[PDB]
Amino acid sequence: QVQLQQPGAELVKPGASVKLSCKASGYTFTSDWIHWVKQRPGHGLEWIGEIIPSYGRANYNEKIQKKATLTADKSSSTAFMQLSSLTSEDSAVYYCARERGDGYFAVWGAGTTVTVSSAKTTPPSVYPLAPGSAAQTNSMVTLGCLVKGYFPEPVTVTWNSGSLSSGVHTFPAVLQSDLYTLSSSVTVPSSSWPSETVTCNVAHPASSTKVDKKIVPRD
Amino acid sequence: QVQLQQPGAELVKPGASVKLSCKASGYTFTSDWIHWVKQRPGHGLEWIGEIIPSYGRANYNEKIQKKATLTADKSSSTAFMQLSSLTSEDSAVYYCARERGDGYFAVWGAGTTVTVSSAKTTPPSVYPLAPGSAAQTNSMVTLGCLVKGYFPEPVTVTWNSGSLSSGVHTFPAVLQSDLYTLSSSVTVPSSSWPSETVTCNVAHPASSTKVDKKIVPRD
Amino acid sequence: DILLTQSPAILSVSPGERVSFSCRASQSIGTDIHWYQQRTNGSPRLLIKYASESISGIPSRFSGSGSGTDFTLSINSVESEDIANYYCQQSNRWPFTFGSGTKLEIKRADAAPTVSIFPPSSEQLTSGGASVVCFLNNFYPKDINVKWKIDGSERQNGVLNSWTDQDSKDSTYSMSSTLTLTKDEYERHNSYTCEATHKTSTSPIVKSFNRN
Amino acid sequence: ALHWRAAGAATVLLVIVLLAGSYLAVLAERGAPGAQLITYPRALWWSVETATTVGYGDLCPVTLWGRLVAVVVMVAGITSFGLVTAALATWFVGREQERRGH
Ligand SMILES: *SCC1=CC(C)(C)N(O)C1(C)C
Ligand SMILES: [K+]
Ligand SMILES: [K+]
Ligand SMILES: [K+]
Ligand SMILES: [K+]
Ligand SMILES: [K+]
């Protein structure tokens with residue numbers, strides 16, 4: 001079972017501060033350390049610091065400006081990272097990982113996407129994409145769904161709630177005036193549609209809004 | 001309070017020898033070491049040697065010619081550096097510093113400027129600098145004072161005995177026939193002068209002569 | 001004996017930006033490195049000890065990091081008061097040694113010089129001399145030219161100049177130009193002018209005065 | 001009881017030797033190029049290192065007097081700890097006699 005649970009996204013205004021969490025389950029020893037790693041888009045992994053819960057001590061990366069403050073709640077098995085006075089530099093994906101005191105990160109969390117913008121949260125509008133009445137077909141058919149007008153990132157597009165993995169492409173979002181846009185595409189055998197349903201599920205954490213939208217042929 | 005006190009300047013004739021002092025106050029432990037550092041104009045810091053007062057042992061830099069001899073007076077808390085047969089190479093600012101046996105120089109002295117010349121000590125003549133009767137003004141006014149005909153260096157120019165810090169520039173002296181020359185400048189709001197007095201204090205250690213000179217508008 | 005390398009020797013950064021000073025040791029010395037700050041005319045002052053330990057009375061702005069052979073001194077958000085020379089010092093092995101140093105340099109907006117011309121003092125003439133001082137204050141960049149004219153004609157003799165290092169109050173530069181003549185030489189002339197040519201103006205900034 | 005006074009006396013003496021050894025080591029090593037035993041805090045850790053005979057190799061003297069100081073530390077440490085062992089024997093031997101009547 002998912003060993004480390006982290007919120008999908010956090011929106012923060014320049015100067016403000018946010019507090020990320022990391023809920024742990026599974027085996028827990030007094031010799032455990034929770035780590036926090038920062039990753040900026042297109043870049044690599046940057047170690048932020050560690051916390052020893054059973055005792056409560058924390059150490060931090062000495063080369064980078066210290067914008068973090070680590071704490072832990074022994075009872076609820078939750079590690080917290082306090083980021084303060086955030087700027088555009090601080091936007092990135094923050095992962096937490098668990099090390100059993102033997103030096104390597106056994107398990108990582110899904111990571112929390114943090115965004116430092118002055119903009120406002122905006123859920124995405126999801127529109128269908130069925131072929132045109134004049135579009136011929138082979139043995140395969142391509143359908144997809146459009147997610148636009150949302151902020152901040154990210155969005156998780158699934159097909160038939162994961163049951164449909166192969167054939168899926170979710171293009172990287174694009175920014176245009178405080179609003180992102182992206183499309184996901186799926187491909188199933190033509191003979192199977194629309195006899196067998198095909199729906200796209202779109203989740204957007206920053207607004208706690210997950211929505212569905214079935215893909216049916218045009219009238 | 002000033003932990004290490006050192007004389008401002010020493011004039012020495014090529015071949016002769018001088019003895020610099022460093023008076024210490026504040027906490028003094030048996031684990032203290034007094035250090036001496038040499039700095040030539042425009043260049044960096046050069047370690048000369050160390051003395052352990054509570055015992056009296058001294059070690060010296062092995063790469064540079066040994067022209068120093070360190071001693072200490074336990075009773076008056078004073079460390080002494082004996083420089084002998086000095087040449088133009090030896091002219092520089094000599095700092096003394098105190099290390100508590102943990103490797104770093106906690107406190108440094110103001111340093112003693114040593115000059116090895118055949119010339120003679122000469123106190124500086126200080127002349128005023130008030131704008132000309134035809135010089136217009138804005139919200140600020142610029143006054144200053146001229147220090148010339150002195151030797152050896154240095155001279156410490158202050159305004160209103162330090163009470164006037166901001167707005168001050170003391171240009172680097174210039175040498176012309178065994179005599180240095182430099183000017184200091186100050187800027188106060190025009191409305192405040194000369195209703196509020198403005199004087200320049202010039203101290204010249206090599207001659208133990210400090211003098212003042214008020215700056216008043218021309219007749 | 002341990003050699004501490006400091007490169008680059010000069011560092012130019014803009015107001016509020018983050019700057020980093022490098023110090024490398026010719027062999028591993030743990031965290032036995034210390035940093036010193038030294039402003040123009042002042043004595044060195046401990047900034048960080050043991051590579052990363054804070055000293056009391058030093059802006060929280062200053063930090064340090066590293067271990068072994070590579071050390072860094074960082075200033076988060078620089079500011080004019082930080083213009084100076086920075087030295088590292090090691091205490092791992094005898095004798096203690098210093099780095100050659102790194103000069104910090106701020107890049108601010110252009111500033112035209114505030115020019116001032118001063119006639120010689122009565123106290124000075126009263127002794128056979130006469131010095132006409134001219135100040136080119138708080139300008140930037142540092143490049144500037146000063147020209148002297150006596151009664152319309154350019155003068156070049158008895159003219160000694162002096163430039164200050166980047167000021168720690170506002171990151172500007174200042175220059176002093178001095179024309180020294182004997183009272184006699186000074187007497188048989190009327191107007192003295194001081195001209196400053198600087199990047200901020202295609203036209204020279206001028207200041208003069210008549211001996212009467 | 002002698003064996004207990006001695007033990008204690010041996011412990012206060014060892015602490016003296018350590019402190020004096022930290023001081024004397026730095027005095028001896030400073031001045032010798034490449035020497036590492038030159039600041040008091042670590043020198044003190046080194047003396048403890050030596051007296052207990054653990055000798056890690058992260059620090060050690062290189063001058064004649066430094067080494068000589070090192071030998072007094074080793075010997076004071078070995079002797080001191082050896083005396084505790086000896087006092088524990090007198091305690092056991094004494095108690096084992098009581099348990100047998102004598
Ligand atoms: S014993 C400590 C020591 C001695 C020497 C051979 C000089 N070293 O390089 C180390 C620091 C290991
Ligand atoms: K052993
Ligand atoms: K051993
Ligand atoms: K060993
Ligand atoms: K060993
Ligand atoms: K043994």
Side-chain angles (χ1 to χ4, degrees), chain B residues 121-135 141-161 164 167-188 193-194 197-207 209-219, chain C residues 115-137 146 148 150 155 157-162 164 174-187 189 192 194 207-212:
Chain B
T121 305
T122 302
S125 292
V126 196
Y127 305 124
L129 291 181
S133 191
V141 54
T142 304
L143 324 175
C145 78
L146 175 66
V147 185
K148 63 179 289 65
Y150 72 81
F151 187 80
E153 281 248 60
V155 297
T156 304
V157 177
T158 20
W159 288 91
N160 288 326
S161 310
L164 192 45
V168 181
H169 298 317
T170 305
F171 302 91
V174 303
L175 179 65
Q176 197 158 68
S177 306
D178 298 0
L179 289 174
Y180 289 111
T181 286
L182 69 76
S183 292
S184 183
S185 109
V186 57
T187 290
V188 304
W193 188 72
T197 195
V198 166
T199 301
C200 98
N201 325 76
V202 188
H204 180 277
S207 57
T209 61
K210 182 175 189 180
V211 310
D212 298 314
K213 177 53 75 75
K214 183 187 174 198
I215 303 303
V216 300
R218 307 168 84 76
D219 62 9
Chain C
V115 195
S116 296
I117 195 74
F118 301 89
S121 59
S122 57
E123 302 92 314
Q124 176 170 46
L125 300 165
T126 304
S127 43
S131 299
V132 193
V133 178
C134 184
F135 290 154
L136 288 304
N137 294 163
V146 71
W148 285 94
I150 296 184
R155 184 59 178 284
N157 305 64
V159 176
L160 304 169
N161 299 309
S162 182
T164 66
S174 304
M175 189 208 114
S176 68
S177 190
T178 295
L179 170 68
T180 306
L181 321 163
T182 45
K183 188 175 72 292
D184 294 29
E185 165 84 63
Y186 177 58
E187 298 305 15
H189 278 301
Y192 293 77
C194 179
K207 298 291 185 184
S208 317
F209 84 91
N210 291 52
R211 184 173 47 56
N212 49 52

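Quick note on labels: first sequence line is chain A, next is B, and so on, each numbered from 1.
Annotation for C/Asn212: atom CG counts as buried by contact number, over 12 foreign heavy atoms lying within 6.0 Å.
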### Task
Carefully, step by step, assess B/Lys210 and B/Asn201 under the rule side-chain contact (heavy atoms from CB on, under 4.5 Å).
CA-CA 7 Å; B/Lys210 182 175 189 180; B/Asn201 325 76; 4.0 Å; yes

### Task
For C/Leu136 and C/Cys134, run side-chain contact (heavy atoms from CB on, under 4.5 Å): C-alpha distance rounded to whole Å, both residues' side-chain angles, the deciding distance at 0.1 Å, then the answer.
CA-CA 7 Å; C/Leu136 288 304; C/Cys134 184; 4.0 Å; yes

### Message
Walk me through whether C/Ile150 and C/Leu179 qualify under side-chain contact (heavy atoms from CB on, under 4.5 Å).
### Response
CA-CA 10 Å; C/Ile150 296 184; C/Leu179 170 68; 4.0 Å; yes

### Task
Evaluate the criterion side-chain contact (heavy atoms from CB on, under 4.5 Å) for residue pair C/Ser177 and C/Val159; output intermediate values, then yes/no.
CA-CA 7 Å; C/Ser177 190; C/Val159 176; 3.8 Å; yes

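Rounded to the nearest 0.5 Å, atoms CZ (C/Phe135) and OG (C/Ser176) are 6.5 Å apart. For the atom pair C/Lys183 NZ and C/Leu125 CG, the distance stands at 7.5 Å (nearest 0.5 Å). Distance OH/B/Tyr127 to OG1/C/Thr126: 9.0 Å, rounded to 0.5 Å. Atom NE2 of B/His204 sits about 10.0 Å away from atom OG1 of B/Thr156, to the nearest 0.5 Å. Taken to the nearest 0.5 Å, the CE atom of C/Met175 stands 10.5 Å off from the OG1 atom of C/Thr164. Here C/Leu160 contributes atom CG and B/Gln176 contributes atom CD; the two are 4.5 Å apart, rounded to the nearest 0.5 Å.
Using a 4.5 Å heavy-atom cutoff, the side chains of B/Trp193 and B/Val198 are in contact. B/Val186 places none of its side-chain heavy atoms less than 4.5 Å from the side chain of B/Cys200. A 4.5 Å side-chain heavy-atom check between C/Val146 and C/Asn161 finds at least one atom pair inside the cut-off. Using a 4.5 Å heavy-atom cutoff, the side chains of B/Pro128 and C/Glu123 are in contact. Looking at B/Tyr150 and B/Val155, their side chains come closer than 4.5 Å, going by heavy atoms from C-beta outward.
Here the closest non-hydrogen pair linking B/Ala173 and B/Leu182 is CA-CB, 3.6 Å. Summarising the geometry of B/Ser185 relative to B/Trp159, their closest heavy-atom pair is O-NE1, 4.2 Å, with the distance given to 0.1 Å. The two residues C/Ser208 and C/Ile117 make their nearest non-hydrogen contact at O-CG2, 3.7 Å. The shortest heavy-atom contact between B/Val126 and B/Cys145 is CG1-SG, 3.9 Å. The two residues B/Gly149 and B/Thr122 come nearest to each other via the heavy atoms O-CG2, 3.0 Å. For B/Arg218 against B/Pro131, the heavy-atom pair with the smallest separation is CD-O, 3.3 Å.
Under 3.5 Å, the side chains of B/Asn160 and B/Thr199 contain no donor-acceptor pair of N or O atoms. Side-chain contact of B/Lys148 with B/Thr181: a donor-acceptor pair under 3.5 Å is present, judged by distance alone. Side chains of B/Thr142 and B/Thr187: a donor on one and an acceptor on the other come within 3.5 Å.
C/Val132 pairs with exactly one of C/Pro119, C/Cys194, C/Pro120 by the side-chain contact (heavy atoms from CB on, under 4.5 Å) rule, that one being C/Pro120.
Under the 3.5 Å distance criterion, the side-chain polar atoms of C/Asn137 are left unmatched by any main-chain donor or acceptor of C/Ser174. Under the 3.5 Å distance criterion, the side-chain polar atoms of C/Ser121 are matched with a main-chain donor or acceptor of C/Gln124. A distance-only check finds a donor-acceptor pair linking the side chain of C/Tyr192 to the backbone of C/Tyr186 [under 3.5 Å]. The backbone N or O of B/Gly144 lies less than 3.5 Å from no partner atom in the side chain of B/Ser184, so there is not a single donor-acceptor pair. Listed for the C/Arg211 side chain is a donor-acceptor partner under 3.5 Å among the backbone atoms of C/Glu187.
Between C/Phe118 and C/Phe209, the ring centre distance reaches or exceeds 6.0 Å.
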